[PDB]
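Novice: Below is the file final23.cif, with mmCIF, C-alpha atoms.
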```cif
data_protein
loop_
_atom_site.label_atom_id
_atom_site.label_comp_id
_atom_site.auth_asym_id
_atom_site.auth_seq_id
_atom_site.Cartn_x
_atom_site.Cartn_y
_atom_site.Cartn_z
CA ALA Q 1 21.63 -1.71 -3.45
CA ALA Q 2 21.06 -5.05 -1.60
CA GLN Q 3 19.32 -5.60 1.83
CA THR Q 4 20.27 -9.09 3.21
CA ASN Q 5 17.80 -11.06 5.46
CA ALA Q 6 14.83 -8.92 4.35
CA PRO Q 7 11.14 -9.73 5.01
CA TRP Q 8 9.91 -12.31 2.40
CA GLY Q 9 7.62 -9.74 0.73
CA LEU Q 10 10.38 -7.24 -0.07
CA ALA Q 11 12.51 -10.07 -1.53
CA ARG Q 12 9.52 -11.25 -3.64
CA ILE Q 13 8.91 -7.81 -5.32
CA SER Q 14 12.53 -7.73 -6.63
CA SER Q 15 12.63 -11.43 -7.80
CA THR Q 16 11.45 -13.59 -10.78
CA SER Q 17 11.03 -16.52 -8.34
CA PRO Q 18 9.77 -17.31 -4.78
CA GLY Q 19 11.96 -18.49 -1.93
CA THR Q 20 14.75 -15.86 -1.75
CA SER Q 21 15.65 -13.50 1.15
CA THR Q 22 17.59 -10.44 -0.28
CA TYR Q 23 15.79 -7.19 -1.46
CA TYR Q 24 17.40 -5.44 -4.53
CA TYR Q 25 16.55 -1.78 -5.42
CA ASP Q 26 18.00 1.41 -7.01
CA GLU Q 27 19.63 3.60 -4.28
CA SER Q 28 17.38 6.64 -5.16
CA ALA Q 29 14.74 4.75 -3.03
CA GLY Q 30 11.75 7.09 -3.61
CA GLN Q 31 13.53 10.33 -2.52
CA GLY Q 32 11.48 13.40 -3.55
CA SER Q 33 8.15 11.47 -3.63
CA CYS Q 34 5.36 11.50 -0.94
CA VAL Q 35 2.89 8.83 0.32
CA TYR Q 36 -0.30 9.58 2.28
CA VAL Q 37 -1.38 6.72 4.64
CA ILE Q 38 -5.19 7.10 5.29
CA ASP Q 39 -5.85 4.82 8.34
CA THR Q 40 -5.65 4.77 12.21
CA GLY Q 41 -2.62 7.19 12.33
CA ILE Q 42 1.23 6.76 12.39
CA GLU Q 43 3.58 6.60 15.40
CA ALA Q 44 5.97 9.13 13.80
CA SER Q 45 8.50 8.90 16.70
CA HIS Q 46 9.37 5.21 15.90
CA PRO Q 47 13.19 4.99 15.12
CA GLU Q 48 12.42 3.06 11.90
CA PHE Q 49 10.94 6.23 10.29
CA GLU Q 50 14.18 8.37 10.84
CA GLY Q 51 12.26 11.70 10.96
CA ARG Q 52 10.57 11.20 7.53
CA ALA Q 53 6.99 10.59 8.98
CA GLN Q 54 4.50 13.17 10.40
CA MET Q 55 0.72 13.40 11.17
CA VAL Q 56 -1.03 16.05 9.01
CA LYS Q 57 -4.79 15.59 9.95
CA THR Q 58 -7.15 13.87 12.49
CA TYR Q 59 -11.00 13.71 12.89
CA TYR Q 60 -10.74 12.46 16.59
CA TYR Q 61 -9.45 13.79 20.00
CA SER Q 62 -5.81 12.81 19.18
CA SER Q 63 -3.62 12.18 16.08
CA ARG Q 64 -1.81 9.25 17.83
CA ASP Q 65 -2.21 5.66 16.59
CA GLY Q 66 -3.89 3.83 19.50
CA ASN Q 67 -4.42 0.73 17.35
CA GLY Q 68 -1.21 -0.18 15.46
CA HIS Q 69 -2.73 -0.92 11.97
CA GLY Q 70 -1.75 2.45 10.42
CA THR Q 71 1.81 2.27 11.86
CA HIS Q 72 2.22 -1.24 10.28
CA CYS Q 73 0.99 -0.05 6.84
CA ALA Q 74 3.29 3.03 6.91
CA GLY Q 75 6.26 0.75 7.79
CA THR Q 76 5.69 -1.42 4.64
CA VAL Q 77 5.58 1.77 2.47
CA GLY Q 78 8.74 3.52 3.79
CA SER Q 79 10.48 2.28 7.04
CA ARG Q 80 14.31 1.72 6.86
CA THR Q 81 14.15 -2.08 7.51
CA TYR Q 82 10.60 -3.10 6.48
CA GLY Q 83 9.78 -0.61 3.67
CA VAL Q 84 9.75 -0.70 -0.16
CA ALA Q 85 10.63 3.05 -0.65
CA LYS Q 86 13.25 3.74 2.06
CA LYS Q 87 13.68 7.53 1.44
CA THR Q 88 10.04 8.62 0.74
CA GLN Q 89 8.16 11.22 2.93
CA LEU Q 90 5.13 9.72 4.82
CA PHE Q 91 1.97 11.80 5.70
CA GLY Q 92 -0.67 10.37 8.17
CA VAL Q 93 -4.45 11.08 7.91
CA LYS Q 94 -6.48 9.52 10.85
CA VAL Q 95 -10.00 8.60 9.51
CA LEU Q 96 -10.35 5.45 11.72
CA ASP Q 97 -10.69 5.35 15.57
CA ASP Q 98 -8.48 3.31 17.95
CA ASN Q 99 -10.87 0.28 17.50
CA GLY Q 100 -10.25 0.44 13.70
CA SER Q 101 -13.81 1.63 12.74
CA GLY Q 102 -15.05 4.83 11.03
CA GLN Q 103 -18.14 6.37 9.40
CA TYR Q 104 -18.17 6.67 5.57
CA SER Q 105 -18.71 10.49 5.75
CA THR Q 106 -15.38 10.84 7.67
CA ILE Q 107 -13.54 8.61 5.14
CA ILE Q 108 -14.88 10.80 2.24
CA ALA Q 109 -13.74 14.02 4.00
CA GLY Q 110 -10.26 12.42 4.40
CA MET Q 111 -9.91 11.68 0.64
CA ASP Q 112 -11.03 15.28 -0.25
CA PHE Q 113 -8.38 16.57 2.26
CA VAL Q 114 -5.50 14.76 0.48
CA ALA Q 115 -6.53 16.15 -2.96
CA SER Q 116 -6.12 19.74 -1.58
CA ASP Q 117 -3.30 19.14 0.96
CA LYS Q 118 -0.82 17.90 -1.71
CA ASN Q 119 -0.62 21.57 -2.85
CA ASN Q 120 0.90 22.44 0.61
CA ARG Q 121 3.75 19.82 0.45
CA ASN Q 122 7.04 19.48 -1.52
CA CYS Q 123 6.70 16.34 -3.69
CA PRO Q 124 8.58 17.06 -7.02
CA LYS Q 125 8.67 13.36 -8.10
CA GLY Q 126 4.94 12.73 -7.43
CA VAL Q 127 2.23 11.83 -4.89
CA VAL Q 128 0.66 8.43 -3.82
CA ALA Q 129 -2.25 7.51 -1.40
CA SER Q 130 -2.53 4.09 0.39
CA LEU Q 131 -6.13 3.07 1.52
CA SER Q 132 -6.07 -0.14 3.62
CA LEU Q 133 -9.80 -0.01 4.49
CA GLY Q 134 -13.26 -0.73 3.12
CA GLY Q 135 -16.92 -1.74 3.59
CA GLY Q 136 -20.09 -2.45 1.53
CA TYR Q 137 -20.79 -0.84 -1.90
CA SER Q 138 -21.31 2.97 -1.78
CA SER Q 139 -21.47 5.15 -4.89
CA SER Q 140 -20.41 8.21 -2.74
CA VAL Q 141 -17.25 6.43 -1.44
CA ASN Q 142 -16.28 5.29 -5.00
CA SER Q 143 -16.76 8.87 -6.35
CA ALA Q 144 -14.44 10.28 -3.67
CA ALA Q 145 -11.69 7.78 -4.63
CA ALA Q 146 -12.17 8.69 -8.36
CA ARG Q 147 -11.84 12.47 -7.57
CA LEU Q 148 -8.57 11.83 -5.63
CA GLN Q 149 -7.11 9.85 -8.62
CA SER Q 150 -8.26 12.59 -11.10
CA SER Q 151 -6.50 15.29 -9.04
CA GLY Q 152 -3.08 13.64 -9.86
CA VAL Q 153 -2.57 11.17 -6.97
CA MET Q 154 -1.80 7.43 -7.56
CA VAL Q 155 -4.55 5.73 -5.45
CA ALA Q 156 -3.98 2.11 -4.21
CA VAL Q 157 -6.90 0.32 -2.35
CA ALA Q 158 -7.35 -3.07 -0.55
CA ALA Q 159 -9.56 -5.72 -2.35
CA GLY Q 160 -11.00 -6.91 1.06
CA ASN Q 161 -10.81 -10.16 3.10
CA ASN Q 162 -14.24 -11.86 2.41
CA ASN Q 163 -13.03 -14.60 -0.07
CA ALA Q 164 -15.67 -13.10 -2.50
CA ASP Q 165 -16.02 -10.93 -5.65
CA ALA Q 166 -14.69 -7.41 -4.88
CA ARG Q 167 -17.49 -5.87 -7.06
CA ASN Q 168 -19.64 -5.57 -3.83
CA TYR Q 169 -17.16 -3.55 -1.69
CA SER Q 170 -16.01 0.14 -1.61
CA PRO Q 171 -13.60 1.69 -2.51
CA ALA Q 172 -12.38 -1.67 -4.02
CA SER Q 173 -15.04 -1.62 -6.79
CA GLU Q 174 -14.16 1.90 -8.18
CA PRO Q 175 -12.82 1.26 -11.77
CA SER Q 176 -10.23 4.10 -12.08
CA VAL Q 177 -8.11 3.32 -8.90
CA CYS Q 178 -5.57 0.41 -8.38
CA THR Q 179 -7.36 -2.52 -6.55
CA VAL Q 180 -4.85 -4.91 -4.83
CA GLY Q 181 -5.29 -8.65 -3.86
CA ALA Q 182 -3.07 -10.70 -1.45
CA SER Q 183 -0.59 -13.66 -2.02
CA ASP Q 184 1.54 -15.90 0.31
CA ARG Q 185 5.24 -16.91 0.32
CA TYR Q 186 4.62 -20.04 -1.91
CA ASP Q 187 2.89 -17.96 -4.65
CA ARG Q 188 -0.73 -19.02 -3.67
CA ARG Q 189 -3.64 -16.55 -3.49
CA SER Q 190 -4.15 -15.83 0.25
CA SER Q 191 -7.16 -17.86 1.52
CA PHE Q 192 -9.04 -14.67 2.63
CA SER Q 193 -8.29 -12.50 -0.48
CA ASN Q 194 -11.22 -11.14 -2.60
CA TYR Q 195 -10.99 -11.63 -6.39
CA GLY Q 196 -12.84 -10.65 -9.64
CA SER Q 197 -12.51 -8.58 -12.81
CA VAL Q 198 -12.08 -5.29 -10.84
CA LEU Q 199 -8.66 -6.39 -9.39
CA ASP Q 200 -5.58 -4.82 -11.06
CA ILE Q 201 -2.64 -6.61 -9.29
CA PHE Q 202 -1.55 -8.90 -6.35
CA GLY Q 203 1.10 -8.16 -3.66
CA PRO Q 204 2.51 -10.01 -0.56
CA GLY Q 205 -0.27 -10.25 2.12
CA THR Q 206 0.21 -13.34 4.37
CA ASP Q 207 2.60 -13.13 7.40
CA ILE Q 208 4.07 -9.63 6.75
CA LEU Q 209 6.68 -8.23 9.28
CA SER Q 210 6.57 -4.38 9.89
CA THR Q 211 6.57 -1.60 12.59
CA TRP Q 212 4.03 -1.46 15.54
CA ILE Q 213 3.13 1.05 18.30
CA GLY Q 214 5.37 1.26 21.38
CA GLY Q 215 8.50 1.22 19.18
CA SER Q 216 7.97 -2.51 18.43
CA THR Q 217 7.46 -4.93 15.46
CA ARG Q 218 5.01 -7.81 14.57
CA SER Q 219 3.85 -10.06 11.68
CA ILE Q 220 0.12 -9.86 10.57
CA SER Q 221 -1.97 -10.82 7.44
CA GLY Q 222 -4.61 -9.24 5.06
CA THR Q 223 -5.19 -7.30 1.78
CA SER Q 224 -4.40 -4.26 4.02
CA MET Q 225 -0.73 -5.53 4.05
CA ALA Q 226 -0.60 -6.08 0.23
CA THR Q 227 -1.80 -2.50 -0.56
CA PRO Q 228 1.27 -0.64 0.91
CA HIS Q 229 3.71 -2.85 -1.07
CA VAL Q 230 2.07 -1.50 -4.28
CA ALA Q 231 1.88 2.14 -2.99
CA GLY Q 232 5.62 2.02 -2.08
CA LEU Q 233 6.48 0.48 -5.48
CA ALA Q 234 4.59 3.34 -7.26
CA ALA Q 235 6.59 6.00 -5.29
CA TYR Q 236 9.88 4.15 -6.15
CA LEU Q 237 9.08 4.05 -9.92
CA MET Q 238 7.92 7.73 -10.07
CA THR Q 239 11.29 8.82 -8.49
CA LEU Q 240 13.18 6.84 -11.21
CA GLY Q 241 11.08 8.63 -13.91
CA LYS Q 242 9.59 5.37 -15.32
CA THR Q 243 5.94 6.49 -14.85
CA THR Q 244 3.51 9.14 -13.54
CA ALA Q 245 0.53 9.20 -11.12
CA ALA Q 246 -2.03 8.78 -13.93
CA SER Q 247 -0.45 5.71 -15.57
CA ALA Q 248 1.38 3.97 -12.66
CA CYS Q 249 -1.37 1.26 -12.23
CA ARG Q 250 -1.13 0.34 -15.95
CA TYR Q 251 2.74 0.41 -15.81
CA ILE Q 252 2.80 -1.94 -12.77
CA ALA Q 253 0.42 -4.41 -14.52
CA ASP Q 254 2.45 -4.29 -17.82
CA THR Q 255 5.79 -5.07 -15.99
CA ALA Q 256 4.43 -7.65 -13.41
CA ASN Q 257 5.39 -11.35 -13.10
CA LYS Q 258 2.70 -13.16 -15.22
CA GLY Q 259 1.06 -16.57 -14.60
CA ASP Q 260 3.04 -17.42 -11.43
CA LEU Q 261 0.15 -17.57 -8.85
CA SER Q 262 -2.04 -20.62 -7.94
CA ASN Q 263 -5.80 -20.69 -7.02
CA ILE Q 264 -6.71 -17.62 -9.16
CA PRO Q 265 -10.42 -17.95 -10.24
CA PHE Q 266 -11.15 -17.83 -14.01
CA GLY Q 267 -11.69 -14.12 -14.97
CA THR Q 268 -9.22 -12.61 -12.37
CA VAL Q 269 -5.72 -11.29 -13.46
CA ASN Q 270 -2.69 -13.50 -12.68
CA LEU Q 271 -0.19 -10.62 -12.11
CA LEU Q 272 2.30 -10.17 -9.16
CA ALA Q 273 3.92 -6.71 -8.48
CA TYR Q 274 7.65 -6.62 -9.60
CA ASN Q 275 10.24 -3.74 -9.68
CA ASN Q 276 12.31 -5.16 -12.64
CA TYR Q 277 15.57 -3.92 -11.02
CA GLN Q 278 18.80 -5.25 -12.57
CA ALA Q 279 21.84 -4.88 -10.31
#
```
Please re-express this file's structure in structure tokens.

Specialist:
Amino acid sequence: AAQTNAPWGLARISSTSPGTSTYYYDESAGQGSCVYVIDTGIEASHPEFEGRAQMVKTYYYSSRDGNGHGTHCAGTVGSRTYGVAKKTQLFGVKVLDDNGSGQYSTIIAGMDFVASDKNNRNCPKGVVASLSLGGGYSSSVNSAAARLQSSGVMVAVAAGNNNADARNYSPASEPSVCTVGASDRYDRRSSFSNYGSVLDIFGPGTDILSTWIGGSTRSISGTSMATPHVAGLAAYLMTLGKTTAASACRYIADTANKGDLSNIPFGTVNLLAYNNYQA
């Protein structure tokens, strides 16, 4: 399949070079897979989701997204126009409030919820979780992310936006999950992106167009925007039978575009997520 005039980030994940505007992908498009978006919620009624999104859990007075951040991340995973995996099922878990903040105990409860809740859903091709959040180092937060991965879920997490070594942030610093940095349309590391030996991969993170609350759209930047490109790619590859939840991070790194990014500090991987689709 071919999507003309796509957002730059979708075109980049299906290309060997920067500067193109068509997204190429196998028409199976993640059907039969599931992606949990653990964030501020999802506006499931947005026309871009076509009935494939629903809220499954909240820790606050409402399950609605009063912020917009979680709706934007879900759109990069699986909306019709702005998503990587256009036929996946999306499940929302609201662990952040409408100001975008949340206690670490609530975030841990949310990750334990997904590890059990997958047994109540129909996901024959496999299960993914997208975590666009983070804070300072916590051994308890890292252990929760490791349990979720062990249970058979592909876990993707944001590196953080401090222009620093990701070793000092959680869940970014957990070894067994997929830690994602951010790049821009000219193949530079984003100026805010964290780095270090704990990173596994980079994805598009500067000026990313996706869905917003109120049935609208907008372009915003961060490692939060890079993370759902990788979660959507994992769902797409599991549907095609190329990999499984336990080895998807290794498969994505083995098949990535190598040595193409600028301003990568010595010691950090120079790997950009790529679907390797041949029309």

Novice: Between atom CA of residue 143 of chain Q and atom CA of residue 40 of chain Q, what distance in Å does the model show, to one decimal?

Specialist: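 A separation of 22.0 Å between them.
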
Novice: The PyMOL selection byres ((chain Q and resi 85-90) around 10) on the file shown: which residues, as JSON, numbers by chain?

Specialist: {"Q": [25, 26, 27, 28, 29, 30, 31, 32, 33, 34, 35, 36, 37, 42, 44, 48, 49, 50, 51, 52, 53, 54, 55, 56, 74, 75, 76, 77, 78, 79, 80, 81, 82, 83, 84, 91, 92, 121, 122, 123, 127, 128, 129, 229, 231, 232, 233, 234, 235, 236, 237, 239]}

Novice: Would you list the contacts of segment 240-253 of chain Q as an mmCIF file with C-alpha atoms, keeping the file's coordinate frame, taking every protein, DNA or RNA residue within 6 Å and counting only C-alpha atoms, but skipping same-chain residues closer than 3 positions in sequence?

Specialist:
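Once everything was written out, this is result-v6.cif:
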```cif
data_model
loop_
_atom_site.group_PDB
_atom_site.id
_atom_site.type_symbol
_atom_site.label_atom_id
_atom_site.label_comp_id
_atom_site.auth_asym_id
_atom_site.auth_seq_id
_atom_site.Cartn_x
_atom_site.Cartn_y
_atom_site.Cartn_z
ATOM 1 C CA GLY Q 152 -3.080 13.640 -9.860
ATOM 2 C CA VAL Q 153 -2.570 11.170 -6.970
ATOM 3 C CA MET Q 154 -1.800 7.430 -7.560
ATOM 4 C CA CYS Q 178 -5.570 0.410 -8.380
ATOM 5 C CA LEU Q 237 9.080 4.050 -9.920
ATOM 6 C CA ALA Q 256 4.430 -7.650 -13.410
#
```

Novice: Applied to this file, what does the PyMOL selection byres ((chain Q and resi 183) around 8) return in terms of residues, put as a ChimeraX atom specification?

Specialist: /Q:181-182,184-185,187-190,193,202-206,226,261

Novice: Padding of 4 Å on every side, edges along x, y and z, all listed atoms of segment 36-43 of chain Q included: what centre and edge lengths in Å, to one decimal, does that box have, as JSON?

Specialist:
```
{"center_x": -1.1, "center_y": 7.2, "center_z": 8.8, "size_x": 17.4, "size_y": 12.8, "size_z": 21.1}
```

Novice: What is the distance, in Å and to one decimal place, between atom CA of residue 268 of chain Q and atom CA of residue 164 of chain Q?

Specialist: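 Computed distance, atom CA of residue 268 of chain Q to atom CA of residue 164 of chain Q, equals 11.8 Å.
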
Novice: Run the PyMOL selection byres ((chain Q and resi 211) around 9) mentally over the shown coordinates, then write out the matched residues as JSON, numbers by chain, using the chain letters and numbers from the document.

Specialist: {"Q": [46, 48, 68, 71, 72, 73, 74, 75, 76, 79, 82, 209, 210, 212, 213, 215, 216, 217, 218, 219]}

Novice: As a PyMOL selection string, please: the residues near residue 163 of chain Q (cut-off 8 Å, all atoms listed in the file, same-chain neighbours under 6 positions excluded).

Specialist: chain Q and resi 191-195

Novice: Output C-alpha atoms for every residue in that selection, as a compact mmCIF listing (two decimals), in the coordinates of the input.

Specialist:
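Listed below is the output, selection.txt:
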```txt
# COMPACT_ATOMS: atom_id res chain seq x y z
CA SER Q 191 -7.16 -17.86 1.52
CA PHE Q 192 -9.04 -14.67 2.63
CA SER Q 193 -8.29 -12.50 -0.48
CA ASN Q 194 -11.22 -11.14 -2.60
CA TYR Q 195 -10.99 -11.63 -6.39
```
